[PDB]
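Accompanying notes for the structure given below.
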Amino acid sequence: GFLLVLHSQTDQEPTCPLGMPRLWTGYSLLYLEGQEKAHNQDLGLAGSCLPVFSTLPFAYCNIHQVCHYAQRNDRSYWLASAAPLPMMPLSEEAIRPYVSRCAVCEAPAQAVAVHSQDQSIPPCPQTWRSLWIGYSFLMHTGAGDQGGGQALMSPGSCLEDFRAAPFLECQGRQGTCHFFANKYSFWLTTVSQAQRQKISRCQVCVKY
Amino acid sequence: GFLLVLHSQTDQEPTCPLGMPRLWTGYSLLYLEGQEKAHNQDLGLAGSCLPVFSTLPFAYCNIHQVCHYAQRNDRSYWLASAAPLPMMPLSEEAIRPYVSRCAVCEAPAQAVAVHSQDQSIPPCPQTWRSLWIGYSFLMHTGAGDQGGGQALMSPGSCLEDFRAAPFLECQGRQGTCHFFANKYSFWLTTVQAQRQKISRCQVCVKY
Amino acid sequence: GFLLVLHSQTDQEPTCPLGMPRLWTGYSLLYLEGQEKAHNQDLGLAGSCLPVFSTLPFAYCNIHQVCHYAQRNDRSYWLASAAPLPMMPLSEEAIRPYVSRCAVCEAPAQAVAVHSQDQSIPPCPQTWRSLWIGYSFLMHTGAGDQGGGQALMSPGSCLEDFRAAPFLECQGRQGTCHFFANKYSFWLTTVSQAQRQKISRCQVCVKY
Amino acid sequence: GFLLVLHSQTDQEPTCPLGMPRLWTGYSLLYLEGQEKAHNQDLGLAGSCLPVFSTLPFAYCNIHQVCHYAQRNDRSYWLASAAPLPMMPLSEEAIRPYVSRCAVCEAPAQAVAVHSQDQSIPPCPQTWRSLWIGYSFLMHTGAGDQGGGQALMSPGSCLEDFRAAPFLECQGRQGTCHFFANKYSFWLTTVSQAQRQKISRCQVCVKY
Amino acid sequence: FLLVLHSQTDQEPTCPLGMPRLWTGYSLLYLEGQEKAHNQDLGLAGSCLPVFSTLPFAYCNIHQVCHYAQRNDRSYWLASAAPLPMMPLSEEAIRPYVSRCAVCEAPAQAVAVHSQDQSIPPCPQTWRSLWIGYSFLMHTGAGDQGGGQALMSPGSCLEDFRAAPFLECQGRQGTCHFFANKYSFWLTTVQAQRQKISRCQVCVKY
Amino acid sequence: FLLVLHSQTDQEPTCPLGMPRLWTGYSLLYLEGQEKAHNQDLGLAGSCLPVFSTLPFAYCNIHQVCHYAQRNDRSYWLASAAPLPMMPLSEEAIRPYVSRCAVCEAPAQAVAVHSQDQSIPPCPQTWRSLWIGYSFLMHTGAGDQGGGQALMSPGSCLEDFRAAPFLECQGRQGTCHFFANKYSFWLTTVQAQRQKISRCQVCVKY
Amino acid sequence: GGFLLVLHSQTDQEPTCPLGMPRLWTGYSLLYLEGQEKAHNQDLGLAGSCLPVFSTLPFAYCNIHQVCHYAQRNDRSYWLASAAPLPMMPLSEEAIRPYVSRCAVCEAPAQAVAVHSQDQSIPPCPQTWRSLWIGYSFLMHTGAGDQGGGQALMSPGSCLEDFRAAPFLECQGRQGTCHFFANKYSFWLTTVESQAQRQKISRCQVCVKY
Amino acid sequence: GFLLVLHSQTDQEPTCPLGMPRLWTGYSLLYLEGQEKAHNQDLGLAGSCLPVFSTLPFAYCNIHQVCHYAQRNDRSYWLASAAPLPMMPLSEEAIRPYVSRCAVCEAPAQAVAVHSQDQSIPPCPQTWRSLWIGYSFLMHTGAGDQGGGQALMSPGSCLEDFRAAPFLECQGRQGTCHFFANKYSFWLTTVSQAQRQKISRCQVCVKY
Amino acid sequence: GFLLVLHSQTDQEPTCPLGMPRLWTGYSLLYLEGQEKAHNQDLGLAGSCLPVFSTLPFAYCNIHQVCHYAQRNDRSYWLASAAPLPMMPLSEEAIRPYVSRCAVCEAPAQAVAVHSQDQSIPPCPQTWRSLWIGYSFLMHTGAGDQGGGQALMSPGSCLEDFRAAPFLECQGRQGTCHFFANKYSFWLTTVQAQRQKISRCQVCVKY
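Just so you know, the sequences run in chain order A, B, C, D, E, F, G, H and I.
Going by UniProt numbering, the letters in the first sequence line up with residues 1465 to 1655, 1673 to 1689, in that order.
Going by UniProt numbering, the letters in the second sequence line up with residues 1465 to 1655, 1674 to 1689, in that order.
Going by UniProt numbering, the letters in the third sequence line up with residues 1465 to 1655, 1673 to 1689, in that order.
Going by UniProt numbering, the letters in the fourth sequence line up with residues 1465 to 1655, 1673 to 1689, in that order.
Going by UniProt numbering, the letters in the fifth sequence line up with residues 1466 to 1655, 1674 to 1689, in that order.
Going by UniProt numbering, the letters in the sixth sequence line up with residues 1466 to 1655, 1674 to 1689, in that order.
Going by UniProt numbering, the letters in the seventh sequence line up with residues 1464 to 1655, 1672 to 1689, in that order.
Going by UniProt numbering, the letters in the eighth sequence line up with residues 1465 to 1655, 1673 to 1689, in that order.
Going by UniProt numbering, the letters in the ninth sequence line up with residues 1465 to 1655, 1674 to 1689, in that order.
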């Protein structure tokens, strides 16, 4: 009874590993602006795969007349698909095909990620079954609770596709989402596609 | 299982003890200015080995526009490498080869440090294998939660190399890091003129 | 294992009994001015034996540029050696030979103190080993949590040596320490060596 | 082992049941003026048996220059001996022979009280050892935490001597104590000595 | 485990055969405005108080000793089968109008079953029956242990139907009076009033 | 402008010739632990209370009506020239032992002058004299209107020296007793005790 | 009449008020209450710096602790020293009395100010003003508070008649003790053994318009 | 009875206008880090001219043992003299000759500043007396209380000397001060010394 | 004395009415997101004319390293100039010629605005001199402290030029400013299709 979360980084839903039942499908949510530091926002948690997309994930429900959202915060970040996004900002409707899809599955045991911090793909531990190879992705670099090194352990630190533009911003209070100004953000670097060469590799493993 | 942290005190990653899987590698963070009293800053914890260096570790992520850092506190201290560093306070780019590197490893048991509080090397417990010899380093001397003596039990109270200037300061809101004005700080004195005054220690594990 | 703490009441470090390994050596800290009730200040706890002596044990570290101490209170009490104290208050340097030394050791079991509340030496429980005899010392007399009776069970309530002037005070924000004006403070009386006779006696025991 | 507490209601120290080791001796403290609600003040707890008597039991220690007591609270109540108390108030020194003494012992199991709520002595449960008979005394009658009924379960609800003036009051800030104005206070009544007849009876039992 | 019985008379109830009686008291139903995390169920020992007073919020019943600070004053106690006059009474006059109760050590945890019609619901398969009654549900709000979850408690099953099941006590008035509303807190069906009320049974696995 | 007189007896003082009397009461010296911004000077009307009670902190003297919440209980009243027994008394017994007072409409603001020796200090140049006394300074701390500034008040000049100038009242005890200390609050010089005390005079510009 | 003027003798003798100004009262020179609120001003130019009764606990409303219980943390107090030299050990409320400076408060016809030269010369009083005393510039409140720094210089409190190696003492409240102050020449404003220091200190004068 | 403040921007004290008495002399303090927004830090206020220099202006007094400073803040800024400052940071002692001197004077009326927001020197109002010409300096640009436009009215917005490096930073907790990294900071610009040409001019006037 | 503020709605400073000294010149700030309720953001106040534009007006000064801005709030709205602005959200440098310019002047008396709430130009009071004709603009419509009608008394409720897009938004923590999605906002409707629907006003002073 363990959860494993998969981000396709495309507009297509991923399929769960053979022998793992699909629990639900969603949209890949990376980060919620000004949340509690008491809240973990790892891509490896169920909370990063949301069944319904909306520019206001902070609201309990998506009907303002029933659940009214009080706080100031309306910026949210979502991993992106491989479709290139126009400079002109977009609305809740037109943004959908640019958002990454995801799935959550019932895993026989807890999955962990291993990292080489060089260009080699690190091996899975001795008796474990391998699930995917990736590039190391570490957003939570601050010395917070679960941060830095501890985050590297989660399936959420290993994305399958290297990307110049790994994610997009959503303004809540405005109902808009647009591409991200900075490049190569949060990719963990090593101790043209010459950028891809600078990036740590990883593998996600499970004991079955 | 159990975690074991190594600080090289150099711009070179340490190697994990033969037989212990390496989990990650980073930079040696010693202290974050003014935190929750109960939150612990020991060199023996995984939290002291950060995969990415930045002059602002208080921020959740390293992009200002994504994670805004609200609080006042922006001082951080990092183990310096064996390099001699100039009088000019530097920035997040220049400072990198001056910061100590570190590694975290999965140990088979809980490692502990022993101290002699004199100039002799204290012996490891009866059936315990030895990992390293060092000098006693005790930053947390106040009578806080897990301070003083209880800090001496930690592998983080045993650094391999003595150094006049063991660490450096980083101003967050200034994006700058300089060398530390005071010398021979946090070393635990006895009950190369200084090397003599300093307690000696050893880190052991029951394998 | 468990912890045992010894206060020599002299400027020499005590040796651990019964072949118990010595963890470390320090100075005997009795009490911190205005601590929370949540923080216990017993002479039987490791936190009473500090590796480095400083007129300001409230600071996390002993360099003020690194660790700034924010708050009002800097009165600290340390146990005294047998050396007589001069009238003139003294700074962090000159006080050192006047502070009691201590040691912490890994004990096979939990040490308790027994008290007679008369002039006789009380016996250890049946199958227990005797560690030291002394005088009953009870600072924590208030009806707090861990107070009175409860504090009597601690090894910290049994000082080996009777003393007119058992401890001393340290003004932090003044960086000074001087003898204590009151005499025979905190000793537990019976239900000028005439004073010594009014004092309850105790023994510290462990089950080995 | 568990704690069992005994209040003599005289100036003499009670003796612990045969086979039960005496941990310490003290003075019977019934009630501290306006403590936190989370604070239990049962006569069955160690906290009611204080090794040192003072008119200010709120202060951590008994030397004001070391431990300063900030809160306003200064009244405290102590069980009384059989010796008649004069109408003229008294000081910490002169009040000593009027206060009850008490003992704490290591018991083989948890002691409980059984109450009849009539004039018959209730029996101990089937295989339990009897420790003493008394009169039902229930101070904590309000509907607070471990109050009312819950308190009757305590050995502290069963005092051996019926008394018109069961306790005395101490004003802290004054350093004074005087006999209590009200009579027959806190005795649990039944569903010259016509009063004794109106009182519930109890027995303290332990499983040995 | 504990079992609480409310007689709804001025006589103390007897514990079911086989269960030792721990104590006896007065039936307290509710204390005006207590912190949400505090449960006021008639199946808890806290509902059976050894001494009655118009001020149960005070730690002790001598106010020169225990001073009660907070504003909150009213309390409600189950009433006995006694005609209650119109004059708001005092602590002494009121005693014989209060229900008495008893707490017992039960060999297992007792539960109440409810039919929510006029029939007597059956005890579960190998369970002993303790009493039949009418469904009584004060805690209807969707608070912590509220609504249905309170229905599980033996405290939701009173043996005697009454038009005036309980009374009010003003604390800082030292006064208690009959209650203005009628048929309050009885759980109705999915005296012609007795007919509208759900029936219940309290069972234990012995 | 107001002028307050404390007789230190059980007789009400007379207002100085020419000044209308507004009311009469009992001499309240001090209320245990009140917010710093509240001044307790004997030269303020608040020190002369029309009704005496062992609980002046309550808005009214019927507690079923005005409930007093805060912990603070003790009050001190100037005592009359009456031998006080050792038994702590109640609100009724204590009345004839309390000083009485009167408040008057004065044509100008009265001030007290002090000599801080044994001599009687002279009134300022064209000022009328009202009374001679002994220097009395309770408010010695360096609080708001404290120390010397309190010396300006007519409330710092009592006509009668006394070893026991005042008494204590426990609120939630309904009790008042004589005070343990002696010669308290009298201002000393820069019964052999009367000799040690500074002398004063209360003057007004009429 | 009008305004207050405060005089600190820095001796055990009470000063006399100048120019026939009436004396309102006499007392002891209180310099500073430990960690008072920033909303309370502690200048030696205010009446509150001259206390009629000396106590090692001036935070208390009155000097009988059974009546006025003082609750808060703040303990220490500083009084201006007299000319007589102190011993090394702390002393009690009784012994310390002859070591505390005396003072007086007077009714002035106008508000008195202080002028400073910020060198070794004595600065002149304003044109039509009479001089009241010469001194040495003394500035405790140097922080950038509400009425601090240069603004405190305007106060007659910034001009002490007597230069002193040891201008004040400390009193530990909850200890009931007072002792000599370790530091020397503290709070004197400098110029842009004892004889050397005196030269480095700015001079002042306190003036009033009568 | 009005105050007028003069900053020499040299290590020499300024002289007050003829006919204005000098009240005191000091060091030019521009800004205190993390102060109340309830605190005005204008160069035109008396609070900007401090008689004693120290790296910790936040402390009531300059003896830590008497007035203990509690808050985190130790950065302070001071206008500079014309002496060029070395790259190596300096201490409270050696920094002194680099700090600007100032004076406060008694003015017959309130002085105001006028600004051209171009390269011309603006004239003083019709019957007013001119005191000095300057370059417009506006630090308080935020929409705070006295900020922006309102600050322009104060004598403090008109400095006599244009400067590449108008001020220096002082770290408190470290006891150090060093030159400032940014250039031409806070100079109000217009609607080689080609920088001086871009700067608004001003004049400070008084009604006499 | 009294202050009078003019907004040009162009990249050109307005001129003060003949006879009124100019005190300073700036940029038109309309609104700061989420302030102290009692703090007033009217265009008739000197606080609406800021000498230096920046995308972060909440900060005390415009240097991050000197004045750190702690609070969350970083949205600001500024009167746009008659320029048509592209779909790209711009930065603090690009945005400048798009911001309305303004002037503050010392007026001899208190200026007020009158409104007709129809399409006619309302007349100035009897012996009052006229300053400008405009369109009624009322942002503060909530029943706050000095809102609704009482805002209409202010010279700041009368802008000279009607405009479909009267203002722009600035994200502080993003250092960006873009055009506003909604159109015809804050104009006060009647009791060039839109110009007709809009109340007309005049600003008068008693000189």
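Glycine included, every Cβ here is placed at the ideal spot set by N, Cα and C.
Interface flag, residue i vs chain G, CB-CB below 8 Å
i                       : result
residue 1529 of chain D : yes
residue 1477 of chain H : yes
residue 1471 of chain F : no
Chain H contact for residue i (CB, 8 Å cutoff)
i                       : result
residue 1536 of chain B : yes
residue 1521 of chain I : yes
Bounding residues of the beta strand (DSSP E) (the contiguous stretch that carries residue i)
i                       : result
residue 1684 of chain A : 1682–1687
residue 1468 of chain H : 1466–1471
Any C-beta of chain F under 8 Å from that of residue i
i                       : result
residue 1637 of chain E : yes
residue 1513 of chain G : yes
Distance between beta carbons of residue j and residue i, contact taken as under 8 Å
i                       : j                       : result
residue 1612 of chain H : residue 1514 of chain I : 5 Å
residue 1586 of chain B : residue 1682 of chain B : 7 Å
residue 1620 of chain H : residue 1507 of chain H : 3 Å
residue 1518 of chain B : residue 1542 of chain B : Contact flag wrong, Cβ pair sits at about 11 Å.
C-beta neighbour in chain E for residue i, strict 8 Å
i                       : result
residue 1532 of chain F : yes
Closer than 8 Å to chain C by CB, residue i
i                       : result
residue 1518 of chain D : yes
Start and end residues, alpha helix (DSSP H) containing residue i
i                       : result
residue 1539 of chain D : Looking at the DSSP string, residue 1539 of chain D is not in any alpha helix (DSSP H); the run it does join, the beta strand (DSSP E), is 1539–1543.
residue 1677 of chain G : 1673–1677
C-beta neighbour in chain B for residue i, strict 8 Å
i                       : result
residue 1498 of chain H : yes
residue 1524 of chain C : yes
residue 1640 of chain C : no
Interface flag, residue i vs chain I, CB-CB below 8 Å
i                       : result
residue 1613 of chain H : yes
Margin query: Restricting to runs no shorter than 3 residues, where is the beta strand (DSSP E) found entirely within the region 1558–1646 of chain G?
Written below: 1565–1571, 1576–1579, 1593–1600, 1631–1635, 1640–1643
Checklist line | Interface residues of the region 1544–1555 of chain I facing chain J [CB-CB below 7 Å] | finding: Of the protein chains in this structure, namely A, B, C, D, E, F, G, H and I, none is chain J.
Note to self: I'd like the ranges of any beta strand (DSSP E) spanning at least 3 consecutive residues and lying wholly in the region 1485–1531 of chain C.
What the structure shows: 1486–1496
Notebook entry, point to check: So, do the region 1492–1502 of chain B and the region 1627–1646 of chain A have three or more beta carbon pairs nearer to each other than 8 Å?
Noted result: no
Notebook entry, point to check: If you pair each beta-carbon of the region 1559–1577 of chain F with each one of the region 1468–1481 of chain G, do three or more pairs fall below 8 Å?
Noted result: no
Note to self: Any contact between the region 1480–1489 of chain B and the region 1631–1645 of chain B? By contact I mean 3 or more CB pairs, one from each, below 8 Å.
What the structure shows: no
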